[PDB]
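K.L.:
quick one, structure for this:
(7 chains, ligands or ions: 6)
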Amino acid sequence: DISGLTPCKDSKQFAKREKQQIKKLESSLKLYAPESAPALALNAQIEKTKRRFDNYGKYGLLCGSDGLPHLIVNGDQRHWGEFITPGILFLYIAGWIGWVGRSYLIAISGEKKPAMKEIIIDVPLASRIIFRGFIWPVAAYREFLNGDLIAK
Amino acid sequence: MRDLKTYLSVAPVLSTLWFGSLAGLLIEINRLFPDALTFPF
Amino acid sequence: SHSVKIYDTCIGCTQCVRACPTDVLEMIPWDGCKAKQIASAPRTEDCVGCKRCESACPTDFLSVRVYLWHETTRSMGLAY
Amino acid sequence: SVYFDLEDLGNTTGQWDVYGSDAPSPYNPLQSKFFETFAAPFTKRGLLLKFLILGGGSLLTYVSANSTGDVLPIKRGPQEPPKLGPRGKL
Amino acid sequence: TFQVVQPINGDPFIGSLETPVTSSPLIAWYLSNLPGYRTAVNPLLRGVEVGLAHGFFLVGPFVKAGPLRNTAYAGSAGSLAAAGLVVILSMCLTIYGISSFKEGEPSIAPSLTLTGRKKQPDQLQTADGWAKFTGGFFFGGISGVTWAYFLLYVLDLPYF
Amino acid sequence: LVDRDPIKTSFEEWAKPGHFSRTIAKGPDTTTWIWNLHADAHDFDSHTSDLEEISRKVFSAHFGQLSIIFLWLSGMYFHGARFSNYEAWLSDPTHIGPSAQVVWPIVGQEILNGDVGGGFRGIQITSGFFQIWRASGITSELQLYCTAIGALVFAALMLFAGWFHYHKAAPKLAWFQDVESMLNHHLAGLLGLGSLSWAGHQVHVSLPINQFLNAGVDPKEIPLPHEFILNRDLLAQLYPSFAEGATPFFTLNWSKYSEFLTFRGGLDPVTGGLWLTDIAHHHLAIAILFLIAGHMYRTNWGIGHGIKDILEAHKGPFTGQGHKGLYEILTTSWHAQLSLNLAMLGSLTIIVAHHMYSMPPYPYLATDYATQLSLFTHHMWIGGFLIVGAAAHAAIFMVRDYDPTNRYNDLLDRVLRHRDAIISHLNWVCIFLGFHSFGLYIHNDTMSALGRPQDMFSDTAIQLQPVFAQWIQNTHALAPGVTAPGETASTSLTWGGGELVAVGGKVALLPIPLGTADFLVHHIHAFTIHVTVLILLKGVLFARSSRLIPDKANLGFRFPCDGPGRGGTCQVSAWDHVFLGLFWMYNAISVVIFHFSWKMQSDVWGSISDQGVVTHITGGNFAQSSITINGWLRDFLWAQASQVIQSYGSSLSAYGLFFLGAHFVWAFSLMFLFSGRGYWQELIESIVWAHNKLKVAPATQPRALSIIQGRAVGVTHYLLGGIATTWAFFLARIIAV
Amino acid sequence: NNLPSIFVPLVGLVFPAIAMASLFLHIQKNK
Ligand code: CLA
Ligand code: CLA
Ligand code: CLA
Ligand SMILES: CC1=C(/C=C/C(C)=C/C=C/C(C)=C/C=C/C=C(C)/C=C/C=C(C)/C=C/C2=C(C)CCCC2(C)C)C(C)(C)CCC1
Ligand code: SF4
Ligand code: SF4
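P.N.:
Numbers count the residues shown, from 1 in each chain, chains lettered A, B, ... in the order given. Ligands and ions are numbered 1, 2, ... in the order given. Structure as follows:
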């Protein structure tokens, strides 16, 4: 119970929110015949709501006094999935994008009119460069060690 | 045609194609795995 | 009246005197450049300050500079 | 078709009196004499300003000080019992 | 072909035009007879006339639109407000005359007519002339306000 | 007068951006090149000086515009057949809200598929297409599908024509300058024949189907439109005059056609709109009048008029030579024609917007409040934009195409010689109107705050009655039987006849009273319009020169300034005057639409009961609350915005999101308007430094936006944010109630 | 009391006029 929080599965307000949403969804269903397509859509929405609430209950989130999940970003191992892992994934993807852009910019710097290759992309060269960014951390680290990363 | 291929490499067309593919991929990913709040694996 | 100054980075292409909306600037003979010319500002009392001369200078930083100063009835462009 | 002259710059610069009239006085001599006799003291611009300031200050202040509530509602004052504010405050 | 609008006094390079609104004989006669355009008359009399005309005017709006318009003190309050406005205008005229004109200098009014004839400049554009004009204006304004109040609320004339 | 294959069809110019200009085609040294590429895309006059080539380029783009419009119409017609409840709405127009858009459920956006009736889930539309389709006799969806297919075919045809008349056979210059033939054709054929064809369609299709529908017959049991043509017995049963055929027409016995060609006036009690027989008679008469009008101008056969001859004969003792020389200006400059057409079109759009609401032409349109409000606001905004564009292009013509050496005109010369008087008089009028219109609102606010309600300008303390407009209303209410003997009822129910029309328990139209508040709001409208006119006319008149900058014409139509000299010369060009007048146009149109909305909600719209008592939406508070600014802030802005701020969790949450989005967009524009270029250029220098440190500096040097570009971005974002906010607020308020 | 009936007009109508007249004369002066 970090900061006085409670698990989702033990919170009564969470169940009350689920019941209120389900009841609101079921009210509009009575206006349509069971075989009609809007009835099928509403049934699918109700099933999706139930599945979402069950999944939130299963993942061990923490609820406040209002029955809403809260995110812990202090580094506890019990909550590494809320902030740490997606952060690492985002950092990897952003580094990939930045490394690809920098490599493409460096490659065309020696051409006679480099500004022309920036508005009309050299597709084969970019495609050959795109796959290289999959190992961007190693290349960046070794470039830093050799003193090539920073312009003199 | 070389001149037709050159027009497909201009910045707006390439950006539009890239972003359309990106949005399609993201929409499909969210359709397969809806309502994601934490990384469970 | 405004202040107009000329610096010895002049190349004497006569571009400033042609863009003058009044008669302020003129060219005099000189030695120190290939064109053997340099600009001058003998009539700064007619300066209005639109800074068209600085829009025509080809030198990296301007060889002609206009410093706005005390305003008169001529430098404000009034025809009341 | 000559509109420029150096010996006559009044016409060159258009220094004309468009509507000024040089006709003599149309008023009666007796009425004019009465008006000059009785309106003379106000023709000194040094004393007129001081007289105007003093008269405006004295007349405006005297009227306001002796005003009756039948004219100014603020001179009458409140005529109803007060009401309590929020949280039972005066 | 006949044309109506003409350049001012035949000079096309002066920033004015001659139109029926400006150069009609009726309008020319009407404007030349106003007290502000009688350059050969004592400024005191013109000031008195202007003050009387303007003071008679100012009573009505103050009387009919004032906060005490629906009470028994409408006329007195309106007349007092009109007198106060006349006093303020007299102060403004005195200040303008003090600030604009200097003692001992000649008049700055034009000394040429439209037909080229020479004439004496108006004396209204001097310190003494403006002081006389302001005094006459004050006297005439007070007198006109008093006359309007007397006619409206001392004699039971069937107005309106 | 055409040329065979002027320009080869190739993809070569596609790979070379900026080919239309010599400077732009050089290459992108900086980022200003990209912006300059788009700003000069459609300025054909800058590309070349040949009038024939400019005319040929102009002719082709209109075909693309028509193709785009046809594609838009095809989409609108197709969506009403596949994703709409039009058939369900047709059997109950008073209890079902029209809807023609559905949403895919992905991220919880399926909440927007709210219930609208007829067993359908979707977004409620307010474009009024359902009423148009009903008034045309459309019953099933097959007809809508056929219309969509035809519109697609027409769009393809327009695109092919656009390609052909530029790459295969381009007309010569002498073809374009045949103004008499163009006027004759556009009058006799485009308008008269179109009106005649629509009158025929209304006579043969719309009338019987609409009569059957108004009789209460099930739409699926109504005979198809072709059955009324092949079987004249049905029409004879519906209209006995059809049994005589066309014989009365050719014998001038036109009185027999009075059954389906009437002069009734007023509204149909069943539907709440104008009688369709009146519309058919109107279209027939208009077709005849336009057909007659198209035979005035001379052509190859001698008879007719010459426009030059007509123009050259009008001159006066005040205007000199008069209209001589105006024919050559209008047949050589494209910008003057564009300005005149834009002004006329904007005025016509405003007139249409005013006329549509008080004379409902479609069935079940008066009782659809959201559609009425949306159409009114939309058409007013379009008219305002067109009016502004008129002045913009007039200034463009003044800057570019004016040449007294070869195109002298006496009327234009006389106007330019006394512009100071015009500008000064307009300035005085604007100041006087602003003082005596807005000042009365501040007086009322001060008197109300001080506790003196008896000293205000109101219907109970100091009345300012619009006696002139009331006289017009009285005259028009008494028009039938005295000055219009052939009419049975008045043209509009708002004149003050006293009769009320109720459809489905709601009030369609009724007399509209005029009081003290209408006086103030009308004078506010006049003040705003006068200020906008002042700004635009001052911009147009001083486009070439002034006492401050004698050579303003040499600097061009679109330049930022002329330096800090003469005390400051910021925004002296004619472009800046349009940039400044757009704000005032926005202000005036917003005030007008607010007046319309509040007045209709307070005094017209409402519900009626069995005993016949009317309960309006806001309870008739416009008369006593609109006389103060606090009243406008409280009873209109605060009270009516509770619908949009409480739309979360329902089908109207999109309007709630758009409210805040438009707030953000409007607030974002102030960065570009309040700041200058030098700061942003100096800030970029620091950002470029760190990119150079990491070898990521682009060769296309980043440059800050130009002054003109910054002003344009600011004004565009400002207008977009304001209009989107008003749109979201109006729709969210009017759909719920 | 009766003081506010005097000091309020004295500060709001008389002194501003005197100050404005004196300041206008001072700023319009020349030698
Ligand atoms: C801050 C100082 C101040 C003060 C003390 C006042 C006081 C007053 N104002 Mg006022 N006013 C002010 C600022 C002030 N105002 C400002 C800043 C504005 C502009 C927004 C106005 C605009 C305004 C309007 C539009 C009106 C007033 C009116 C009034 C009077 C209320 C009605 C009344 O008693 O009628 C009784 C009035 C009389 C019996 C006659 C007027 C009072 C004296 C005797 C007139 C002569 C005074 C003096 C000789 C001339 C000035 C001398 C000079 C040195 C100042 C009251 C005397 C109302 C009024 O009636 O004005 C005439 C009115 O209609 N005011
Ligand atoms: C029949 C209508 C019509 C026509 C044919 C023209 C034609 C023309 N106008 Mg014009 N104009 C019109 C109406 C019209 N105007 C109106 C109504 C106004 C008043 C608002 C103006 C105001 C105006 C100005 C101020 C100027 C012109 C200019 C021009 C000329 C160059 C056009 C150009 O390069 O634009 C290029 C077109 C664009 C850059 C597109 C603009 C993009 C818009 C503003 C933003 C839309 C926002 C959108 C909703 C967001 C989606 C973005 C998307 C990428 C996601 C051309 C002859 C120019 C000229 O003659 O200069 C010498 C010029 O300076 N016009
Ligand atoms: C691949 C290109 C690239 C790279 C490596 C960088 C790298 C950097 N930028 Mg940057 N930037 C770029 C493009 C790039 N930028 C573009 C195109 C813009 C204009 C929108 C900017 C605008 C910008 C600003 C305003 C600032 C930076 C700053 C920074 C530094 C802080 C790190 C960061 O995340 O800033 C944040 C980075 C961004 C917000 C950039 C947005 C992401 C862009 C759109 C990605 C586009 C990549 C491009 C399409 C490459 C195409 C590759 C293809 C040909 C294969 C970092 C050195 C900051 C700094 O320290 O100042 C020097 C700073 O204040 N950048
Ligand atoms: C809606 C729409 C559409 C459609 C349309 C249509 C379908 C139309 C039609 C139209 C038509 C269908 C038309 C027609 C016409 C006709 C006419 C116009 C005729 C005329 C005639 C005449 C004029 C005659 C005369 C005469 C005389 C006078 C004498 C002798 C006798 C006679 C009779 C000959 C589309 C798809 C595009 C899309 C969009 C929308
Ligand atoms: S001042 Fe500038 S433009 Fe003039 S001569 Fe020198 S360098 Fe050339
Ligand atoms: S600032 Fe203007 S007026 Fe002065 S010298 Fe330069 S160009 Fe001439």
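K.L.:
for residue E:43, which residues are in contact?
P.N.:
Neighbouring residues of residue E:43 by Cβ atoms under 8 Å, 6 or more residues apart in numbering or on different chains: E:123, E:124, E:129, E:130, E:132, E:133, E:136. C-beta here means a position set from N, CA and C on the backbone, and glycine is covered the same way.
K.L.:
contact residues of chain G facing chain E?
P.N.:
Applying Cβ under 8 Å from any Cβ of the partner chain, one finds that chain G approaches chain E through G:17, G:21, G:24, G:25, G:28.
K.L.:
gap between the residue lying closest to the fourth one once chain neighbours are set aside and chain B?
P.N.:
Leaving aside its sequence neighbours, residue G:25 sits nearest to residue E:99 (Cβ to Cβ, 6 or more residues apart in numbering or on different chains; 6.2 Å). Relative to chain B, residue E:99 is positioned 67 Å away (Cβ to the nearest Cβ, to the nearest Å).
K.L.:
residues contacting residue E:99?
P.N.:
Shown in contact with residue E:99 (Cβ under 8 Å, 6+ apart): G:24, G:25, G:28.
K.L.:
contact partners for the last one?
P.N.:
What it means is residue G:28. residue E:99.
K.L.:
please apply the same query to the first one.
P.N.:
Contact analysis of residue G:24 by Cβ under 8 Å, 6+ apart lists E:95, E:99.
K.L.:
quick check: which element contains it?
P.N.:
helix G:15-27 (DSSP states H and E).
K.L.:
tell me, what residue is most central in chain E?
P.N.:
residue E:50 (4.4 Å; Cα atoms, centre = their mean).
K.L.:
check the secondary structure at it for me.
P.N.:
For residue E:50, the assignment made with DSSP: H, G, I helix; E, B strand; the rest coil gives helix.
K.L.:
burial count for the spatially closest residue to residue A:103 that is not a sequence neighbour?
P.N.:
Closest residue to residue A:103 apart from its sequence neighbours, by Cβ to Cβ, 6+ apart: residue A:129 at 5.2 Å. Neighbour count of residue A:129, defined by other Cβ atoms under 10 Å in any protein chain shown: 17.
K.L.:
residue A:129 belongs to a helix?
P.N.:
Yes: assigned with three-state DSSP, residue A:129 falls within a helix.
K.L.:
ok, it - contacts?
P.N.:
Neighbouring residues of residue A:129 by Cβ under 8 Å, 6+ apart: A:100, A:103, A:104, A:107.
K.L.:
turn those into CSV, columns for secondary structure, distance to ligand 5 and neighbour count.
P.N.:
Below are the contacts of residue A:129 laid out as CSV (DSSP: H, G, I helix; E, B strand; the rest coil; distance: Cβ to the nearest ligand atom, whole Å; neighbours: other Cβ atoms under 10 Å in any protein chain shown):
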residue, secondary structure, distance to ligand 5, neighbour count
A:100, helix, 45, 18
A:103, helix, 43, 17
A:104, helix, 40, 19
A:107, helix, 40, 16
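K.L.:
relative to chain E, which of those is nearest.
P.N.:
residue A:104 (65.6 Å; Cβ to the nearest Cβ).
K.L.:
by proximity to chain A, which residue of chain F wins?
P.N.:
residue F:699 (4.2 Å).
K.L.:
tally of neighbours for that residue?
P.N.:
Residue F:699: 17 neighbours (other Cβ under 10 Å).
K.L.:
picking that back up, just the element for the residue nearest to residue G:25, please.
P.N.:
helix E:74-100.
K.L.:
next one: stretch F:268-281 to chain centre, how far?
P.N.:
Put simply, stretch F:268-281 sits 25 Å off its chain's centre (Cα atoms, centre = their mean, to the nearest Å).
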